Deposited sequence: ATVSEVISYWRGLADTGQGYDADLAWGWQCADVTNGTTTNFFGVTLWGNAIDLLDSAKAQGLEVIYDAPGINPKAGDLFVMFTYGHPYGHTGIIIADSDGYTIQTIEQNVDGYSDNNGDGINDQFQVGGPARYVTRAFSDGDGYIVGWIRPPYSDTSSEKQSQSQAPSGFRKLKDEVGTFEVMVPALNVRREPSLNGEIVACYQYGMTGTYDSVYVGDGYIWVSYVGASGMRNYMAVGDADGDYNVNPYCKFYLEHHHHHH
């Protein structure tokens, strides 16, 4: 994947919803998962450590060390211990950064253009990941899931663009009663508080198998 491809995609979303076709729903792991097939587990603030463990290039902020277009930044947030992320869409001079950022629905909000200093009233930049840019119901099952990705959408149908009804954050647990396969993903299903059924992608699918999990799974004993 190319820098121009990725930046163009997020510019598209910022320019403009519940039909969003991404399952992993944050900027950083959404980008690595959907464009590079690399999934990162943890909160926003953990993703530099997760990226390093997956062999990606990680650069920590410092004097003279400034991010480039296409870099995925990680940020410490004063308001909460989970941190914040976004995509850098232009080379930085070290004083401002041009970014696209997001703003039941815990995370994965809509994309918007932002320009921020390296430190302000919301937090400060810690570092950034530099991606390697180039040139059917399966079974009934009584279990619980644990969201391992930073952000994961929840829909009304086990389809790519199913209506989004929630967005779960890393660490979230919950029961499920059934597992589905569809549109390249494995899904679990459960009855929401609304009273109606919900579907959530829990990993990329090769045939009937979760070959890239977004969650851990626990079965009743």
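Peer 1: Would you mind checking the deposited sequence against the model and listing the stretches with no C-alpha coordinates?
Peer 2: According to the deposited record, C-alpha coordinates are absent for 17-22, 110-123, 156-170, 257-261, which together make up the missing parts.
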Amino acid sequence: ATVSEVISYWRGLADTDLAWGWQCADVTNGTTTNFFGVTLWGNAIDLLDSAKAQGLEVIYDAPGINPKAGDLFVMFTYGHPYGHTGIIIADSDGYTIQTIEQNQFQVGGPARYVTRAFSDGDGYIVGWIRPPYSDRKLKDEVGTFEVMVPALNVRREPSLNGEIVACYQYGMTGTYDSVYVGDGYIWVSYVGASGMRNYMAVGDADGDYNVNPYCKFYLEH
From here on, numbers count along this sequence of modelled residues.
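Peer 1: Mean C-alpha B-factor higher for 76-84, or for 104-112?
Peer 2: Mean CA B-factor is higher for 104-112.
Peer 1: Maximum C-alpha temperature factor per the entry, among 48, 65, 172, 166, belongs to which one?
Peer 2: Top of the list by C-alpha B-factor: 166.
Peer 1: Between 55, 37, 42, 192, which one tops the list for Cα B-factor in this entry?
Peer 2: Most elevated C-alpha B-factor of the set, per the entry: 192.
Peer 1: Please say which third, lowest, middle or highest, residue 96 falls into when its CA temperature factor is compared across its chain.
Peer 2: Answer is lowest: the recorded C-alpha B-factor places it there.
Peer 1: By its CA B factor, does residue 188 count among the lowest, middle or highest third of the modelled residues in the chain?
Peer 2: Within its chain, residue 188 is a middle-third residue by C-alpha B-factor, going by the deposited values.
Peer 1: Ranked by Cα temperature factor within the chain, is residue 210 in the lowest third, the middle third or the highest third?
Peer 2: Middle third of the chain for residue 210's C-alpha B-factor.
Peer 1: What third of the chain does residue 202 rank in for C-alpha temperature factor, lowest, middle or highest?
Peer 2: Middle third - that is where residue 202 ends up once the chain's C-alpha B-factors are sorted.
Peer 1: Among the modelled residues of its chain, does the C-alpha B-factor of residue 25 lie in the lowest, middle or highest third?
Peer 2: Its C-alpha B-factor, which the entry lists for residue 25, ranks in the lowest third among residues of this chain.
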